[PDB]
Amino acid sequence: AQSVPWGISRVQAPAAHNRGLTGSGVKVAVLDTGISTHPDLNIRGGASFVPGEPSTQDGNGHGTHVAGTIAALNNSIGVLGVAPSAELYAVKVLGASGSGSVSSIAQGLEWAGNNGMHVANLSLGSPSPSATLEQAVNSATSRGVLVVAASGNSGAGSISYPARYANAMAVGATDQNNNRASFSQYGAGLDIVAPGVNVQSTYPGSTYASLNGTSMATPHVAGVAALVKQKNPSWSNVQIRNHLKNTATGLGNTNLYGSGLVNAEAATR
Ligand SMILES: [Ca+2]
């Protein structure tokens, strides 16, 4: 039996699937702890930038969970991703502790840009600004990648890096009431929000787990960006970003919510 997690229904991904849009032909790089093999995931390739780790296997769980919110297969098991036919690439930039360096994150972004990824999901943050990060987001954006990044989980009124930079689409987290989740960082630079509380998805060891975080909200927006790219193959990263903001359901003040809740039905109309 396949279940549809509440967040997938909340962003109205099933409505876009009924229009025949599933993210087919869209390449999505998940820059995280890796992605492990799972019966409800199909991983196309990837690269590791973690010192002394040649593989893209997930030693943490986080990367595999994020991957399942974007693209868990539409079948008779597990869950269902926002864009279940997207081509997933595992770009391992964080180690087993969930930590990484600005150098591995920046190498991952350069790989995404050099390998023609359409969307790069960064469910990660650095507490401090980094010129290296800004430059790598800008480089990947110039090559055509839409970078989507988590605002962070401190609950503060400023968002983390690289989400704060102009060329990153910053994603905050909502709960089941469509309120901002208490941990979700907000403030200047916030673009959009998506479900980030009790998000069930794929996990290592062929299982499933429920997690909370702006890292869970970010893949919902990366997934809806892949549905828009399938509908509109000639659109640029900037066009997709603006269309996602323009069609989001407003939830209140933009300092707290950006443009509001991502809406895959309205974005694929
Ligand atoms: Ca499934």
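Counting from 1, the numbers follow the sequence of the chain as shown. No hydrogens, no waters, no symmetry mates; every other heavy atom, side chains included, goes into these values.
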Applying the side chain to side chain contact (heavy atoms under 4.5 Å, CB included) test to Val221, which of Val11, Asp191, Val193, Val148 qualifies?
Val148
Reported CD-to-CD distance for the pair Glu53 and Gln57, which is rounded to 0.5 angstrom
6.5 Å
How many angstroms lie between atom OG of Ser151 and atom OH of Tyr161, to the nearest 0.5 angstrom?
13.0 Å
Please determine whether side chain to side chain contact (heavy atoms under 4.5 Å, CB included) holds for the pair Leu41 and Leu73, giving the CA-CA distance in whole Å, both sets of side-chain angles, and the decisive distance to 0.1 Å.
CA-CA 6 Å; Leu41 292 176; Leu73 305 167; 5.7 Å; no
Worked verdict on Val30 versus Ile70 for side chain to side chain contact (heavy atoms under 4.5 Å, CB included)
CA-CA 9 Å; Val30 181; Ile70 303 176; 3.7 Å; yes
Please test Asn255 against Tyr186 for side chain to side chain contact (heavy atoms under 4.5 Å, CB included), starting from the C-alpha separation and ending with a verdict.
CA-CA 6 Å; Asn255 191 246; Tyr186 58 98; 3.6 Å; yes
Using a distance-only test with no angle check, is there a side-chain donor-acceptor pair under 3.5 angstrom linking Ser126 and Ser128?
no
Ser215 and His62: side chain donor to acceptor below 3.5 Å:
yes
Close side-chain approach of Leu244 and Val228, heavy atoms under 4.5 Å
yes
Note, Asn74 side chain near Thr22 side chain (heavy atom, < 4.5 Å):
no
Check: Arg180 side chain, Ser184 main-chain N or O, donor-acceptor pair, under 3.5 Å:
yes
Are side-chain N/O atoms of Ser76 and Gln2 paired as donor and acceptor at under 3.5 Å?
no
Counting C-beta onward and ignoring hydrogens, is there a side-chain heavy-atom pair between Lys229 and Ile240 closer than 4.5 Å?
yes
For a quick check under 3.5 Å, do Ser101 and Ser104 share a side-chain donor-acceptor pair by atom type?
yes
Answer yes or no: is there a side-chain heavy-atom contact under 4.5 Å between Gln107 and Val93?
no
Side chains of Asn121 and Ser123: is there a donor and an acceptor less than 3.5 Å apart?
yes
How about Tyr208 and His65: do any of their side-chain heavy atoms sit closer than 4.5 Å?
no
Between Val82 and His17 the two heavy atoms that sit nearest each other are O-NE2, 2.8 Å
Drop me the distance from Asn198's CG to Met216's CE, to the nearest 0.5 angstrom.
11.5 Å
Would you check if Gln135 and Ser139 make a side-chain contact, meaning some heavy-atom pair closer than 4.5 Å?
no
Check whether any side-chain heavy atom of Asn179 lies under 4.5 Å from a side-chain heavy atom of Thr174, and answer yes or no.
no
One pair to check against side chain to side chain contact (heavy atoms under 4.5 Å, CB included): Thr69 and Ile8. What are the steps and the verdict?
CA-CA 8 Å; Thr69 297; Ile8 303 302; 4.3 Å; yes
Please report the closest heavy-atom contact between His243 and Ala267, naming both atoms and the distance.
NE2-O, 3.0 Å
Does any donor atom in the side chain of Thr33 or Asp58 lie under 3.5 Å from an acceptor atom in the other side chain?
yes
Side chain proximity check, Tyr165 to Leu133, heavy atoms < 4.5 angstrom
yes
For the residue pair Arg10 and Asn178, what are the closest heavy atoms and their distance?
NH1-OD1, 2.8 Å
How long is the gap from OG on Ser201 to NE2 on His220, to the nearest 0.5 Å?
8.5 Å
Side chains of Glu134 and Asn167: any donor to acceptor distance under 3.5 Å?
no
Between NZ of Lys27 and OH of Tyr89, what distance do you get to the nearest 0.5 Å?
3.0 Å
Mind running side chain to side chain donor-acceptor pair (under 3.5 Å) on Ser85 and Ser24 for me, showing each step along the way?
CA-CA 5 Å; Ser85 300; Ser24 183; 5.2 Å; no
So for atom CD, which belongs to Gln239, do other residues, nucleotides or ligands contribute more than 12 heavy atoms lying within a distance under 6.0 Å?
yes
Does one side chain, of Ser158 or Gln185, offer a donor that lies under 3.5 Å from an acceptor on the other?
no
Sequence neighbours excluded, which residues qualify as side-chain contact (heavy atoms from CB on, under 4.5 Å) partners of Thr249?
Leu261, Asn263
Working to the nearest 0.5 angstrom, can you tell me the gap between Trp235 CH2 and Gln230 CD?
13.5 Å
So that I can tick it off, tell me whether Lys92 and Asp32 are bridged by a salt bridge, with the cut-off set at under 4.0 angstrom between side-chain N and carboxylate O.
no
